[PDB]
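Here's the structure we're looking at; comments come further down.
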Amino acid sequence: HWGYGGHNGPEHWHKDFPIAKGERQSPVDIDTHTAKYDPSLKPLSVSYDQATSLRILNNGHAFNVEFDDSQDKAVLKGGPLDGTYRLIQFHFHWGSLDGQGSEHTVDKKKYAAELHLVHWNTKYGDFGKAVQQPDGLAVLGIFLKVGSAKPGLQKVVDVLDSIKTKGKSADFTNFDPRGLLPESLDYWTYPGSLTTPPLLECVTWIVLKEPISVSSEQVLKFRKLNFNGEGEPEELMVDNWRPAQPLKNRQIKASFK
Ligand SMILES: CCCNC(=O)c1ccc(S(N)(=O)=O)cc1
Ligand SMILES: CCCNC(=O)c1ccc(S(N)(=O)=O)cc1
Ligand SMILES: [Zn+2]
């Protein structure tokens, strides 16, 4: 099965998932000199006041914080988007060292990690239908750099010891994802894909310009997770990022001047 190891990593995925070589793959490098301001783009509307987190799960490739998405509670609207997108889960990608870990890059700079807040377009009724549509998902991507601690991340870090291995989950209620958002909502946007198999070309990417700061101790705890299941040979969950893919016939638009 696919992964990030020595023999099943991103360069192998195309054998089982040929869309890996498609026209709309993610992530990409964001060339800040070529992305053009688009005065038609609106401010993002992030409405997380009513978010209901439920559970945290180590799925063998990352950990997902899952939300109740059975009604419009936490939603993303505005920006480049038409209609309403409901938050279903967030997760991160991160490195073995601070100098790598993000999926998107900015002028080729890799950040220590990247947070993905995943939302689906409610006009398609359920998530599984949305991933089959070119405008099915909106993923809000936020870079992490190592510096001061992020207070709103600590609840996540402290539960990680309880979900060390693949297939473990823990209850995770009452977590407020607003504590993971930088000050500014300036962004870049482009049409792309899921960055893990099945690599479906169903995502409107919204990547915030301003990174959040997390401490070295916080990220170190991410790196103590395991890709493997309980009892199996230990493989630290690090470097679970796909590198940048060809931009092809796409334009990256900026929300800011
Ligand atoms: C404290 C739990 C995690 N939440 C936050 O950090 C947070 C929430 C709302 C706003 S506000 N209302 O200023 O846009 C700012 C911060
Ligand atoms: C469809 C099979 C389950 N996969 C997902 O739901 C999914 C995959 C990648 C991303 S990402 N890393 O592009 O935010 C978000 C969601
Ligand atoms: Zn992701």
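Residue names in the structure tokens use chain letters A, B, ... in the order shown, residue numbers from 1 in each chain, and ligand numbers from 1 in the order shown.
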
Give me, as JSON lines, each residue of chain A that comes within 9 Å of ligand 3, together with its shortest interatomic pair and the distance in Å at one decimal, counting only C-alpha atoms and all ligand atoms, with rows ordered by chain and rising residue number.
{"residue": "A:62", "atom": "CA", "partner": "ligand 3", "partner_atom_place_in_ligand_line": "1 (Zn)", "distance": 8.4}
{"residue": "A:90", "atom": "CA", "partner": "ligand 3", "partner_atom_place_in_ligand_line": "1 (Zn)", "distance": 7.9}
{"residue": "A:91", "atom": "CA", "partner": "ligand 3", "partner_atom_place_in_ligand_line": "1 (Zn)", "distance": 6.2}
{"residue": "A:92", "atom": "CA", "partner": "ligand 3", "partner_atom_place_in_ligand_line": "1 (Zn)", "distance": 6.0}
{"residue": "A:93", "atom": "CA", "partner": "ligand 3", "partner_atom_place_in_ligand_line": "1 (Zn)", "distance": 6.3}
{"residue": "A:103", "atom": "CA", "partner": "ligand 3", "partner_atom_place_in_ligand_line": "1 (Zn)", "distance": 7.9}
{"residue": "A:114", "atom": "CA", "partner": "ligand 3", "partner_atom_place_in_ligand_line": "1 (Zn)", "distance": 7.7}
{"residue": "A:115", "atom": "CA", "partner": "ligand 3", "partner_atom_place_in_ligand_line": "1 (Zn)", "distance": 7.0}
{"residue": "A:116", "atom": "CA", "partner": "ligand 3", "partner_atom_place_in_ligand_line": "1 (Zn)", "distance": 5.0}
{"residue": "A:117", "atom": "CA", "partner": "ligand 3", "partner_atom_place_in_ligand_line": "1 (Zn)", "distance": 8.0}
{"residue": "A:118", "atom": "CA", "partner": "ligand 3", "partner_atom_place_in_ligand_line": "1 (Zn)", "distance": 8.1}
{"residue": "A:139", "atom": "CA", "partner": "ligand 3", "partner_atom_place_in_ligand_line": "1 (Zn)", "distance": 8.2}
{"residue": "A:141", "atom": "CA", "partner": "ligand 3", "partner_atom_place_in_ligand_line": "1 (Zn)", "distance": 8.2}
{"residue": "A:194", "atom": "CA", "partner": "ligand 3", "partner_atom_place_in_ligand_line": "1 (Zn)", "distance": 7.2}
{"residue": "A:195", "atom": "CA", "partner": "ligand 3", "partner_atom_place_in_ligand_line": "1 (Zn)", "distance": 6.0}
{"residue": "A:196", "atom": "CA", "partner": "ligand 3", "partner_atom_place_in_ligand_line": "1 (Zn)", "distance": 7.2}
{"residue": "A:241", "atom": "CA", "partner": "ligand 3", "partner_atom_place_in_ligand_line": "1 (Zn)", "distance": 8.0}

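For ligand 1, the neighbouring protein, DNA and RNA residues, which are those within 8 Å when only C-alpha atoms and all ligand atoms are counted, are residues 49, 151, 152, 175, 176, 177, 178, 179, 180 and 181 of chain A.
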
Write a file of the just-selected residues containing C-alpha atoms, as a short mmCIF file (atom, residue, chain, number, x, y, z; two decimals), in the first residue's frame.
data_model
loop_
_atom_site.label_atom_id
_atom_site.label_comp_id
_atom_site.auth_asym_id
_atom_site.auth_seq_id
_atom_site.Cartn_x
_atom_site.Cartn_y
_atom_site.Cartn_z
CA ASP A 49 -17.83 29.45 15.94
CA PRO A 151 -1.18 27.84 22.36
CA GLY A 152 -4.12 26.61 20.39
CA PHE A 175 -11.49 21.62 20.19
CA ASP A 176 -11.71 25.08 18.57
CA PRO A 177 -9.86 25.16 15.20
CA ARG A 178 -9.86 29.00 15.28
CA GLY A 179 -6.81 28.67 17.52
CA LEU A 180 -4.83 27.34 14.52
CA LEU A 181 -5.44 30.41 12.25
#

_Among region 55-248 of chain A, which ones does DSSP assign to helix (DSSP H, G or I) (computed from the backbone)? Answer as a ChimeraX atom specification._
/A:122-124,127-130,151-163,177-180,216-222

*Between A:94, A:2, A:227, A:222, single out the one closest to residue 198 (chain A), counting only C-alpha atoms.*
A:2

*Between A:98, A:126, A:107, A:69, which has the minimum distance to residue 86 (chain A) (counting only C-alpha atoms)?*
A:69

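The space between CA of residue 27 (chain A) and CA of residue 14 (chain A) spans 15.1 Å.
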
What are the DSSP strand (DSSP E) residues of region 44-161 of chain A, as a compact mmCIF listing (two decimals) with N, CA and C atoms, in the first residue's frame?
# COMPACT_ATOMS: atom_id res chain seq x y z
N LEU A 44 -11.89 35.78 2.48
CA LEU A 44 -12.29 34.50 2.85
C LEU A 44 -13.38 34.70 4.05
N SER A 45 -14.39 33.86 4.17
CA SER A 45 -15.25 33.81 5.32
C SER A 45 -15.03 32.47 5.98
N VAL A 46 -14.35 32.49 7.11
CA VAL A 46 -14.11 31.30 7.91
C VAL A 46 -15.08 31.35 9.10
N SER A 47 -16.06 30.48 9.17
CA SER A 47 -17.04 30.54 10.24
C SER A 47 -17.01 29.26 11.03
N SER A 53 -15.83 19.35 17.08
CA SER A 53 -14.87 18.26 16.92
C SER A 53 -15.35 17.04 17.63
N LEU A 54 -14.97 15.87 17.15
CA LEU A 54 -15.44 14.60 17.73
C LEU A 54 -14.29 13.69 18.16
N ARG A 55 -13.27 13.54 17.30
CA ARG A 55 -12.36 12.41 17.50
C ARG A 55 -11.05 12.77 16.81
N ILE A 56 -9.97 12.13 17.23
CA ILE A 56 -8.70 12.23 16.55
C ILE A 56 -8.24 10.80 16.22
N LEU A 57 -7.74 10.60 15.01
CA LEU A 57 -7.45 9.28 14.51
C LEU A 57 -6.07 9.23 13.85
N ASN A 58 -5.22 8.30 14.22
CA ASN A 58 -3.98 8.04 13.46
C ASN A 58 -4.32 7.05 12.35
N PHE A 63 -2.50 12.23 11.29
CA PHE A 63 -3.63 12.14 12.23
C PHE A 63 -4.69 13.13 11.76
N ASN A 64 -5.94 12.71 11.84
CA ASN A 64 -7.06 13.57 11.47
C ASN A 64 -7.85 13.94 12.70
N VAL A 65 -8.12 15.21 12.88
CA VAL A 65 -9.13 15.72 13.84
C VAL A 65 -10.41 15.80 13.06
N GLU A 66 -11.43 15.01 13.44
CA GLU A 66 -12.67 14.89 12.73
C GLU A 66 -13.75 15.74 13.38
N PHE A 67 -14.63 16.29 12.55
CA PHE A 67 -15.73 17.13 12.96
C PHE A 67 -17.04 16.53 12.61
N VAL A 75 -18.07 26.28 8.58
CA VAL A 75 -18.11 26.36 7.14
C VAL A 75 -17.13 27.42 6.62
N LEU A 76 -16.68 27.19 5.42
CA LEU A 76 -15.84 28.09 4.64
C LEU A 76 -16.66 28.58 3.48
N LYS A 77 -16.60 29.89 3.21
CA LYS A 77 -17.34 30.47 2.09
C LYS A 77 -16.47 31.65 1.62
N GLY A 78 -16.94 32.27 0.56
CA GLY A 78 -16.22 33.46 0.08
C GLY A 78 -14.93 33.11 -0.58
N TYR A 85 -19.00 25.38 2.04
CA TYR A 85 -18.18 24.21 2.22
C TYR A 85 -18.06 23.86 3.67
N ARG A 86 -18.38 22.64 4.06
CA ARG A 86 -18.43 22.23 5.48
C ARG A 86 -17.13 21.57 5.88
N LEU A 87 -16.61 21.97 7.03
CA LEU A 87 -15.38 21.37 7.59
C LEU A 87 -15.64 19.93 8.00
N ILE A 88 -14.83 18.99 7.51
CA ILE A 88 -14.96 17.61 7.88
C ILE A 88 -13.78 17.11 8.74
N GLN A 89 -12.55 17.60 8.45
CA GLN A 89 -11.41 17.15 9.24
C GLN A 89 -10.27 18.11 8.96
N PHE A 90 -9.30 18.13 9.87
CA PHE A 90 -8.01 18.71 9.57
C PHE A 90 -6.92 17.72 9.92
N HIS A 91 -5.76 17.94 9.28
CA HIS A 91 -4.57 17.14 9.52
C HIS A 91 -3.37 17.98 9.11
N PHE A 92 -2.18 17.43 9.38
CA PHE A 92 -0.92 18.11 9.02
C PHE A 92 -0.07 17.18 8.22
N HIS A 93 0.93 17.79 7.55
CA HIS A 93 2.08 17.12 6.96
C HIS A 93 3.30 17.76 7.54
N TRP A 94 4.34 16.96 7.84
CA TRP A 94 5.51 17.53 8.50
C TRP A 94 6.75 16.71 8.16
N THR A 105 5.13 24.94 -1.45
CA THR A 105 6.33 25.70 -1.21
C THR A 105 6.11 27.12 -1.72
N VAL A 106 6.89 28.06 -1.19
CA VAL A 106 6.72 29.47 -1.56
C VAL A 106 8.07 29.93 -2.09
N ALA A 113 6.03 22.42 8.39
CA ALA A 113 4.79 21.60 8.36
C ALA A 113 3.74 22.43 7.63
N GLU A 114 2.62 21.75 7.36
CA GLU A 114 1.48 22.39 6.70
C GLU A 114 0.21 21.78 7.27
N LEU A 115 -0.72 22.63 7.66
CA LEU A 115 -2.04 22.25 8.16
C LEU A 115 -3.02 22.34 7.00
N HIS A 116 -3.84 21.31 6.89
CA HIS A 116 -4.91 21.25 5.89
C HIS A 116 -6.24 21.13 6.57
N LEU A 117 -7.11 22.15 6.44
CA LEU A 117 -8.47 22.14 6.91
C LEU A 117 -9.35 21.80 5.72
N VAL A 118 -9.98 20.62 5.74
CA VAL A 118 -10.67 20.03 4.60
C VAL A 118 -12.14 20.28 4.69
N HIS A 119 -12.72 20.82 3.62
CA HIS A 119 -14.13 21.17 3.57
C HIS A 119 -14.77 20.65 2.30
N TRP A 120 -16.06 20.28 2.35
CA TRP A 120 -16.73 19.77 1.15
C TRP A 120 -17.95 20.59 0.79
N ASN A 121 -18.22 20.67 -0.49
CA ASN A 121 -19.30 21.54 -1.04
C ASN A 121 -20.64 20.90 -0.78
N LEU A 137 -14.28 20.04 -3.18
CA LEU A 137 -13.60 20.32 -1.91
C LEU A 137 -12.97 21.66 -1.92
N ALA A 138 -12.79 22.24 -0.72
CA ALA A 138 -11.94 23.42 -0.51
C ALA A 138 -11.03 23.07 0.63
N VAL A 139 -9.72 23.14 0.37
CA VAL A 139 -8.75 22.86 1.44
C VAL A 139 -8.05 24.18 1.73
N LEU A 140 -8.11 24.56 3.01
CA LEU A 140 -7.40 25.73 3.53
C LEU A 140 -6.07 25.24 4.05
N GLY A 141 -5.00 25.72 3.45
CA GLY A 141 -3.65 25.31 3.81
C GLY A 141 -2.94 26.43 4.56
N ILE A 142 -2.27 26.03 5.65
CA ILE A 142 -1.61 27.01 6.54
C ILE A 142 -0.22 26.47 6.81
N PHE A 143 0.79 27.26 6.56
CA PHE A 143 2.18 26.84 6.83
C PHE A 143 2.51 26.95 8.29
N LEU A 144 3.37 26.08 8.79
CA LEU A 144 3.92 26.14 10.14
C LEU A 144 5.41 26.37 10.04
N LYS A 145 5.89 27.36 10.82
CA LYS A 145 7.34 27.56 11.04
C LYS A 145 7.63 27.35 12.52
N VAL A 146 8.86 26.99 12.82
CA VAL A 146 9.25 26.74 14.22
C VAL A 146 9.73 28.04 14.88

*CA of residue 255 (chain A) and CA of residue 31 (chain A), how far apart in Å?*
14.3 Å

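Minimum distance to ligand 2 across A:251, A:40, A:59, A:173 (counting only C-alpha atoms and all ligand atoms) occurs at A:59.
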
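If only C-alpha atoms and all ligand atoms are the atoms counted, then among A:239, A:11, A:232, A:201 the closest residue to ligand 2 is A:201.
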
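When only C-alpha atoms and all ligand atoms are used to measure the gap to ligand 2, the shortest distance among A:136, A:229, A:197, A:3 belongs to A:197.
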
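With distances taken over only C-alpha atoms, A:102 is the one residue among A:122, A:8, A:102, A:70 lying closest to residue 211 (chain A).
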
For residue 36 (chain A), work out the shell of residues within 10 Å, counting only C-alpha atoms and skipping chain neighbours fewer than 6 positions away, then give it as a compact mmCIF listing (two decimals) with N, CA, C and O atoms, in the first residue's frame.
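Wrote it out as around-v4.txt, contents follow:
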# COMPACT_ATOMS: atom_id res chain seq x y z
N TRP A 188 -3.36 32.71 -1.42
CA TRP A 188 -3.25 32.30 -2.83
C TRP A 188 -4.24 31.22 -3.10
O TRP A 188 -4.59 30.43 -2.22
N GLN A 251 -3.11 28.92 -13.20
CA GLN A 251 -2.66 30.19 -12.67
C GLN A 251 -2.92 30.22 -11.19
O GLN A 251 -3.97 29.71 -10.70
N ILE A 252 -2.00 30.70 -10.43
CA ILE A 252 -2.15 30.93 -9.02
C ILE A 252 -2.54 32.38 -8.84
O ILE A 252 -1.85 33.28 -9.36
N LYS A 253 -3.63 32.65 -8.14
CA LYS A 253 -4.13 34.02 -7.94
C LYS A 253 -3.93 34.42 -6.52
O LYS A 253 -4.10 33.61 -5.61
N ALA A 254 -3.60 35.69 -6.28
CA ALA A 254 -3.41 36.26 -4.98
C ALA A 254 -4.62 37.09 -4.61
O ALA A 254 -5.11 37.91 -5.41
N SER A 255 -5.01 37.02 -3.34
CA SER A 255 -6.08 37.84 -2.79
C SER A 255 -5.64 39.24 -2.36
O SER A 255 -6.52 40.05 -2.01
N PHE A 256 -4.36 39.50 -2.48
CA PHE A 256 -3.77 40.72 -1.82
C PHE A 256 -2.85 41.32 -2.81
O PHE A 256 -2.32 40.64 -3.71
N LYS A 257 -2.63 42.62 -2.62
CA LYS A 257 -1.79 43.41 -3.53
C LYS A 257 -0.33 43.32 -3.13
O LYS A 257 0.02 43.11 -1.97
